Amino acid sequence: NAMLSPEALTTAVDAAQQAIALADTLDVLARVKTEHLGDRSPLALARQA
RNA sequence: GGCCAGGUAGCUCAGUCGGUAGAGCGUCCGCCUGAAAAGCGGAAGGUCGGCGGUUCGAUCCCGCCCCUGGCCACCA
Ligand SMILES: [Mg+2]
């Protein structure tokens, strides 16, 4: 429900994009991908819900 | 070229007919050891063979194609 509002999605997209722009090496980016796009990220749980 | 069964993690396989997909071993970390392994605890890792389509969304539905194993067939 609340996890599916455009406010809570944009909240997750904004946090995802923030970590992505801040990652400055390939190895930090991989951990960013895991946390903001992997099976347990906010955006992944919203597709599971 | 024919028939059957398949292609899912680094290896060996289970599984799923629309929104989470997994095990054994392999990898990494913490405690531990002088350093290890085991044990205990915790992670990473898959374009589910490919390209189109359908769909708000496809490992899963439709189309085309590719490869693997077995049994045939052919032959210097
Ligand atoms: Mg394999």
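Below, chains carry the letters A, B, ... as their sequence lines are ordered, and counting in each starts from 1. These numbers come from the heavy atoms of this one structure, side chains and all, not from hydrogens, waters or symmetry mates.
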How would the sugar of [N] be described, north or south, if a positive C1'-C2'-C3'-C4' means north and a negative one means south?
{"N": "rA9(B)", "answer": "south"}
{"N": "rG63(B)", "answer": "north"}
{"N": "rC56(B)", "answer": "north"}
{"N": "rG70(B)", "answer": "north"}
{"N": "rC60(B)", "answer": "south"}

Just how far, in rounded Å, is [atom2] of [N] from [atom1] of [X]?
{"X": "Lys33(A)", "N": "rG46(B)", "atom1": "NZ", "atom2": "P", "value": "6 Å"}
{"X": "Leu37(A)", "N": "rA44(B)", "atom1": "CG", "atom2": "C1'", "value": "15 Å"}
{"X": "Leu43(A)", "N": "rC56(B)", "atom1": "CG", "atom2": "P", "value": "21 Å"}
{"X": "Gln48(A)", "N": "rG18(B)", "atom1": "CD", "atom2": "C1'", "value": "15 Å"}
{"X": "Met3(A)", "N": "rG19(B)", "atom1": "CE", "atom2": "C1'", "value": "17 Å"}
{"X": "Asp39(A)", "N": "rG46(B)", "atom1": "CG", "atom2": "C1'", "value": "9 Å"}

If the [atom1] atom of [N] is compared with that of [M], how far apart are they to the nearest Å?
{"N": "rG10(B)", "M": "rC72(B)", "atom1": "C1'", "value": "35 Å"}
{"N": "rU47(B)", "M": "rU59(B)", "atom1": "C1'", "value": "11 Å"}
{"N": "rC60(B)", "M": "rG53(B)", "atom1": "P", "value": "14 Å"}
{"N": "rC62(B)", "M": "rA43(B)", "atom1": "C1'", "value": "40 Å"}
{"N": "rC67(B)", "M": "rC74(B)", "atom1": "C1'", "value": "22 Å"}
{"N": "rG52(B)", "M": "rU16(B)", "atom1": "P", "value": "28 Å"}
{"N": "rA58(B)", "M": "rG63(B)", "atom1": "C1'", "value": "15 Å"}
{"N": "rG46(B)", "M": "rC13(B)", "atom1": "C1'", "value": "15 Å"}

Do [N] and [M] pass the stacking test of six-membered ring centres within less than 5.5 angstrom and planes tilted under 30 degrees?
{"N": "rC48(B)", "M": "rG49(B)", "answer": "no"}
{"N": "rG18(B)", "M": "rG19(B)", "answer": "no"}
{"N": "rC60(B)", "M": "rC61(B)", "answer": "no"}
{"N": "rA23(B)", "M": "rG24(B)", "answer": "yes"}
{"N": "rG45(B)", "M": "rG46(B)", "answer": "no"}

Given Watson-Crick or G-U wobble geometry and both distances below 3.5 Å as the test, should [N] and [M] count as paired?
{"N": "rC40(B)", "M": "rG30(B)", "result": "yes"}
{"N": "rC13(B)", "M": "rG22(B)", "result": "yes"}
{"N": "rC32(B)", "M": "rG6(B)", "result": "no"}
{"N": "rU27(B)", "M": "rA43(B)", "result": "yes"}

Identified pairing partner of [N], criterion: Watson-Crick or G-U wobble below 3.5 Å:
{"N": "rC71(B)", "answer": "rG2(B)"}
{"N": "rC61(B)", "answer": "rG53(B)"}
{"N": "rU16(B)", "answer": "none"}
{"N": "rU47(B)", "answer": "none"}

Separation between CG of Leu43(A) and OG1 of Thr11(A), rounded to the nearest 0.5 Å: 10.5 Å
From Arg31(A) atom CZ to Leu26(A) atom CG, the distance as rounded to the nearest 0.5 Å: 12.0 Å
Closest non-hydrogen atom pair between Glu35(A) and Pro42(A), with its separation: O-CD, 3.7 Å
Non-hydrogen atoms of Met3(A) and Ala46(A) that approach each other most closely: O-CB, 4.2 Å
Among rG45(B), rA43(B), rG19(B), the one nearest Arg40(A) by side-chain distance: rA43(B)
side-chain N/O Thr34(A) vs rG45(B) OP1/OP2, d < 4.0 Å: yes
Within 6.0 angstrom of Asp39(A) CG, more than 12 heavy atoms from elsewhere: no
Main-chain N/O of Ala2(A) paired with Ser5(A) side-chain donor or acceptor, under 3.5 Å: yes
